[PDB]
Every structure is written in C-alpha cells, then in structure tokens.
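Colleague: File name model-v9.txt; file contents compact mmCIF, N, CA and C atoms; full text below.
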```txt
# COMPACT_ATOMS: atom_id res chain seq x y z
N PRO B 1 0.78 -1.24 0.00
CA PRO B 1 0.00 0.00 0.00
C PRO B 1 0.82 1.30 0.00
N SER B 2 2.06 1.27 0.49
CA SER B 2 2.92 2.46 0.53
C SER B 2 3.42 2.85 -0.86
N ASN B 3 4.21 1.97 -1.48
CA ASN B 3 4.81 2.24 -2.80
C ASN B 3 3.90 1.89 -4.00
N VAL B 4 2.76 1.24 -3.75
CA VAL B 4 1.80 0.88 -4.80
C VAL B 4 0.98 2.10 -5.23
N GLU B 5 0.59 2.93 -4.26
CA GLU B 5 -0.22 4.14 -4.53
C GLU B 5 0.54 5.20 -5.33
N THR B 6 1.74 5.53 -4.87
CA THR B 6 2.57 6.58 -5.50
C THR B 6 3.10 6.23 -6.91
N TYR B 7 3.22 4.94 -7.21
CA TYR B 7 3.75 4.47 -8.50
C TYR B 7 2.80 4.69 -9.70
N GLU B 8 1.49 4.69 -9.45
CA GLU B 8 0.48 4.72 -10.52
C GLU B 8 0.45 6.02 -11.34
N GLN B 9 0.54 7.16 -10.65
CA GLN B 9 0.50 8.48 -11.32
C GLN B 9 1.73 8.82 -12.17
N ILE B 10 2.83 8.09 -11.97
CA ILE B 10 4.03 8.22 -12.82
C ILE B 10 3.74 7.70 -14.24
N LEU B 11 2.98 6.61 -14.33
CA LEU B 11 2.65 5.98 -15.61
C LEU B 11 1.65 6.78 -16.46
N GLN B 12 0.93 7.71 -15.83
CA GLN B 12 0.03 8.63 -16.55
C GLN B 12 0.81 9.52 -17.53
N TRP B 13 2.00 9.96 -17.13
CA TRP B 13 2.91 10.72 -18.00
C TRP B 13 3.44 9.88 -19.17
N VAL B 14 3.79 8.62 -18.89
CA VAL B 14 4.33 7.70 -19.91
C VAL B 14 3.29 7.42 -21.01
N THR B 15 2.03 7.28 -20.62
CA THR B 15 0.93 7.05 -21.57
C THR B 15 0.60 8.26 -22.46
N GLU B 16 0.85 9.48 -21.95
CA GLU B 16 0.55 10.71 -22.70
C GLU B 16 1.54 10.98 -23.84
N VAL B 17 2.84 10.89 -23.55
CA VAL B 17 3.89 11.27 -24.51
C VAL B 17 4.07 10.20 -25.58
N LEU B 18 4.42 8.99 -25.16
CA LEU B 18 4.64 7.87 -26.08
C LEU B 18 3.31 7.34 -26.62
N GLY B 19 2.43 6.94 -25.70
CA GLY B 19 1.12 6.38 -26.05
C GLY B 19 0.73 5.24 -25.12
N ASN B 20 -0.55 5.18 -24.77
CA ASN B 20 -1.10 4.04 -24.01
C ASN B 20 -1.18 2.73 -24.82
N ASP B 21 -1.20 2.85 -26.15
CA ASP B 21 -1.26 1.69 -27.06
C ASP B 21 0.03 0.84 -27.15
N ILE B 22 1.13 1.28 -26.54
CA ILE B 22 2.35 0.46 -26.44
C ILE B 22 2.15 -0.73 -25.46
N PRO B 23 3.00 -1.78 -25.55
CA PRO B 23 2.86 -2.92 -24.63
C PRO B 23 3.10 -2.60 -23.15
N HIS B 24 2.62 -3.49 -22.28
CA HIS B 24 2.79 -3.36 -20.82
C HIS B 24 4.24 -3.62 -20.41
N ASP B 25 4.90 -4.56 -21.08
CA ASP B 25 6.33 -4.84 -20.87
C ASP B 25 7.22 -3.64 -21.22
N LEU B 26 6.81 -2.85 -22.21
CA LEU B 26 7.54 -1.64 -22.62
C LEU B 26 7.34 -0.49 -21.61
N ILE B 27 6.14 -0.40 -21.02
CA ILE B 27 5.84 0.61 -19.99
C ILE B 27 6.61 0.34 -18.69
N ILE B 28 6.81 -0.94 -18.34
CA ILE B 28 7.61 -1.33 -17.17
C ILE B 28 9.07 -0.88 -17.33
N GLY B 29 9.63 -1.05 -18.53
CA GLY B 29 10.99 -0.59 -18.85
C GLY B 29 11.13 0.93 -18.88
N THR B 30 10.13 1.60 -19.45
CA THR B 30 10.09 3.07 -19.50
C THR B 30 9.89 3.70 -18.11
N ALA B 31 9.12 3.04 -17.26
CA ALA B 31 8.91 3.49 -15.87
C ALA B 31 10.18 3.32 -15.02
N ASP B 32 10.87 2.20 -15.19
CA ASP B 32 12.06 1.88 -14.39
C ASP B 32 13.28 2.73 -14.79
N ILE B 33 13.46 2.96 -16.09
CA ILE B 33 14.63 3.70 -16.61
C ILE B 33 14.70 5.17 -16.15
N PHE B 34 13.55 5.83 -16.03
CA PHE B 34 13.50 7.21 -15.52
C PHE B 34 13.71 7.27 -14.00
N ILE B 35 13.05 6.37 -13.26
CA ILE B 35 13.10 6.37 -11.78
C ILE B 35 14.48 5.97 -11.23
N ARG B 36 15.18 5.08 -11.93
CA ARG B 36 16.47 4.55 -11.46
C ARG B 36 17.59 5.60 -11.37
N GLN B 37 17.74 6.42 -12.41
CA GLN B 37 18.90 7.34 -12.53
C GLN B 37 18.60 8.83 -12.29
N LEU B 38 17.34 9.16 -11.98
CA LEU B 38 17.00 10.48 -11.41
C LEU B 38 17.09 10.47 -9.88
N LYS B 39 16.84 9.31 -9.26
CA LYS B 39 17.03 9.12 -7.82
C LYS B 39 18.52 9.18 -7.46
N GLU B 40 19.32 8.37 -8.14
CA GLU B 40 20.77 8.27 -7.88
C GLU B 40 21.54 9.50 -8.38
N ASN B 41 21.17 10.00 -9.56
CA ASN B 41 21.75 11.21 -10.18
C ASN B 41 23.26 11.41 -10.00
N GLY B 42 5.02 20.66 -23.47
CA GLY B 42 4.61 20.57 -22.07
C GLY B 42 5.50 19.65 -21.27
N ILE B 43 6.80 19.92 -21.31
CA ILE B 43 7.81 19.11 -20.62
C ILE B 43 7.99 19.55 -19.16
N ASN B 44 7.69 20.82 -18.87
CA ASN B 44 7.89 21.40 -17.53
C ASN B 44 6.92 20.87 -16.47
N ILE B 45 5.63 20.79 -16.82
CA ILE B 45 4.59 20.29 -15.91
C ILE B 45 4.79 18.81 -15.51
N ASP B 46 5.32 18.01 -16.43
CA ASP B 46 5.53 16.57 -16.19
C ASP B 46 6.77 16.30 -15.33
N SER B 47 7.82 17.11 -15.51
CA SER B 47 9.04 17.00 -14.71
C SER B 47 8.83 17.40 -13.24
N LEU B 48 7.98 18.40 -13.00
CA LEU B 48 7.62 18.82 -11.63
C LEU B 48 6.88 17.72 -10.86
N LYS B 49 6.00 16.99 -11.54
CA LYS B 49 5.31 15.83 -10.95
C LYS B 49 6.28 14.69 -10.62
N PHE B 50 7.25 14.45 -11.50
CA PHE B 50 8.17 13.31 -11.37
C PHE B 50 9.15 13.45 -10.21
N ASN B 51 9.66 14.66 -9.98
CA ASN B 51 10.67 14.91 -8.94
C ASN B 51 10.16 14.70 -7.50
N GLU B 52 8.90 15.04 -7.26
CA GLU B 52 8.24 14.78 -5.97
C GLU B 52 8.05 13.28 -5.70
N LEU B 53 7.72 12.53 -6.76
CA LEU B 53 7.46 11.09 -6.65
C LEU B 53 8.75 10.26 -6.50
N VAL B 54 9.85 10.75 -7.07
CA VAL B 54 11.19 10.16 -6.85
C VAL B 54 11.64 10.34 -5.39
N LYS B 55 11.26 11.46 -4.78
CA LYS B 55 11.58 11.75 -3.37
C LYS B 55 10.97 10.72 -2.40
N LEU B 56 9.74 10.28 -2.70
CA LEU B 56 9.03 9.31 -1.86
C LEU B 56 9.55 7.88 -2.04
N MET B 57 9.43 7.08 -0.98
CA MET B 57 9.75 5.63 -0.97
C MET B 57 11.24 5.30 -1.11
N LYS B 58 11.57 4.05 -0.79
CA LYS B 58 12.95 3.55 -0.82
C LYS B 58 13.40 3.24 -2.25
N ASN B 59 14.63 3.65 -2.58
CA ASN B 59 15.25 3.33 -3.87
C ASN B 59 16.77 3.52 -3.80
N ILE B 60 17.46 2.45 -3.40
CA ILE B 60 18.93 2.43 -3.22
C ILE B 60 19.39 3.45 -2.18
```
As structure tokens, how would this structure be written, given the file I've shared?
Modeller:
Amino acid sequence: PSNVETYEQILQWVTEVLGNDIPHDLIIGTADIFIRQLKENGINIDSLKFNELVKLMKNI
C-alpha cells in the first residue's frame, strides 16, 4: 500500500507522450529507466510531478 499508490500516477505521463497503445512490458521498462537514474543522479509540468514522486519511498 505504501509504494503501490505513488507508482500509478508516474505511468500517466508515460501514456501521454509515447502512447497508451504500447505494450505493458515496454511501460515497465520506461517506468524503471527514468526512476532509477533520477534518484541516484509541455515538458515542464511533467518534470515537476516526477521529482516529488522520486523523493518518496525507498530506492537504493
């Protein structure tokens, strides 16, 4: 319930730019690739949403 809730709204951005019609296996890769290396380290509105969600939950 902790990391399941916050993860869903990240995929709303992925469906808008690329498309919801892409495969589910491709969305898992697109979701993981952004979250992995921004943590460890209309484009403006989407980046502001992403940085708050990277802050939440455990990730290395």
Colleague: Could you tell me which of B:31, B:57, B:26, B:14 comes closest to residue 1 of chain B if we count only C-alpha atoms?
Modeller: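 For residue 1 of chain B, the nearest of the given residues is B:57.
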Colleague: Would you mind telling me which residue in B:24, B:16, B:51, B:59 lies nearest to residue 36 of chain B when using only C-alpha atoms?
Modeller: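 With only C-alpha atoms as the atom set, the closest residue is B:59.
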Colleague: One decimal, Å: what's the distance from atom CA of residue 32 of chain B over to atom CA of residue 2 of chain B, could you say?
Modeller: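 Taking atom CA of residue 32 of chain B and atom CA of residue 2 of chain B, their separation equals 17.5 Å.
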Colleague: By how many Å are atom CA of residue 17 of chain B and atom N of residue 60 of chain B apart?
Modeller: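 Between atom CA of residue 17 of chain B and atom N of residue 60 of chain B the gap works out to 26.6 Å.
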Colleague: Quick check, in Å to one decimal: how far apart do atom CA of residue 41 of chain B and atom CA of residue 15 of chain B lie?
Modeller: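 About the pair atom CA of residue 41 of chain B and atom CA of residue 15 of chain B: they are 24.1 Å apart.
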Colleague: Where's the centre, and what are the edge lengths in Å to one decimal, of a box along x, y and z enclosing all listed atoms of segment 49-55 of chain B padded 4 Å per side, as JSON?
Modeller:
```
{"center_x": 8.5, "center_y": 13.6, "center_z": -7.0, "size_x": 14.3, "size_y": 14.8, "size_z": 17.1}
```
Colleague: What lies within 8 Å of residue 54 of chain B using only C-alpha atoms, ignoring chain neighbours under 2 positions off, as a list in words?
Modeller: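 Counting only C-alpha atoms, the residues come to residues 35, 38, 39, 50, 51, 52, 56 and 57 of chain B.
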Colleague: Using only C-alpha atoms, which residue out of B:22, B:53, B:43, B:28 lies closest to residue 7 of chain B?
Modeller: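 Smallest distance to residue 7 of chain B is found for B:53.
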Colleague: Quick one: DSSP alpha helix (DSSP H) residues in chain B, as a VMD selection string?
Modeller: chain B and resid 2 to 14 24 to 40 44 to 55
Colleague: Which residue gives the smallest distance to residue 34 of chain B among B:19, B:58, B:47, B:8, with only C-alpha atoms counted?
Modeller: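 Among the listed residues, the smallest separation from residue 34 of chain B belongs to B:47.
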